[PDB]
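Shown below, as structure tokens, is a lone chain in the form deposited without N-acetylalanine; questions about how it binds or moves come after it.
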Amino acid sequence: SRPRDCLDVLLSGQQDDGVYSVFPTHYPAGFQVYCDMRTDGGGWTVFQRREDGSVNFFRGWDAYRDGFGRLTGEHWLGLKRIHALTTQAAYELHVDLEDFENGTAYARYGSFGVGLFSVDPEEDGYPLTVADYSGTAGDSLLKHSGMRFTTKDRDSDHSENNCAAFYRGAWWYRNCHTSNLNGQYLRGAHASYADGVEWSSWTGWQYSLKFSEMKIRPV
């Protein structure tokens, strides 16, 4: 009837990967998401996908709040939706990564949230909660814990510059990053420093990954 996320969709008997309606506690109008019904038993709600560089990710605050791209392709679900999902239960984060040489890796985080205790999550800059790493990609997100989301037109980072402008992305930048999954789709090894789709613990600071998917499931 009114699944709150992709795990409710799965447990209701929908086993196919694809687009489903979900209805978070404080977003009763609901919205559509892509559900991953396969990874570690399934029930993952996707909020980010890179796969081909068809979508511009070098977007401003309003786009990162409201979301962009298409659920069946490259997209960002929007921080207002990611907030609505991660405040309604205790979520884990799964990050799937792929390079241009057939290689894959993943990072699992036991706890993940955006603006968890923010009275106005947008005003407060949708700050990251993330803890408890495991997997094959190595940890490139724990150092971003407690940071606000920074875009090219809204600087909340710990740099004298705008990290989002400098590294051509949008992220919970500190000074500046170990991960940049909303970075430019530069397609593998690049001369420019850390401004591609980067997961530094796996492929370093000068390798733009082929594929990324960020997704959440209640624990």
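Start at 1 with the first residue shown and count on from there.
Not pictured, yet referred to below: the form deposited with N-acetylalanine bound.
Interface residue among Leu186, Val55, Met37, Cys176, judged by heavy atoms within 4.5 Å of N-acetylalanine in the deposited bound form: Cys176. With the partner omitted here, the residue from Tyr167, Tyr64, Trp171, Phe47 that has a non-hydrogen atom within 4.5 angstroms of N-acetylalanine in the deposited bound form is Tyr167.
Although the partner is absent here, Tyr20 sits far enough away that none of its heavy atoms falls within 4.5 Å of N-acetylalanine in the deposited bound form. Contact annotation for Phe68: none of its heavy atoms lies within 4.5 Å of N-acetylalanine in the deposited bound form. Although the partner is absent here, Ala194 sits close enough that one of its heavy atoms falls within 4.5 Å of N-acetylalanine in the deposited bound form.
N-acetylalanine is not drawn, but in the deposited bound form it has a heavy atom within 4.5 Å of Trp205. Only one segment in the set 146 to 154, 55 to 63, 176 to 184, 28 to 36 has any non-hydrogen atom within 4.5 angstroms of N-acetylalanine in the deposited bound form, and it is 176 to 184.
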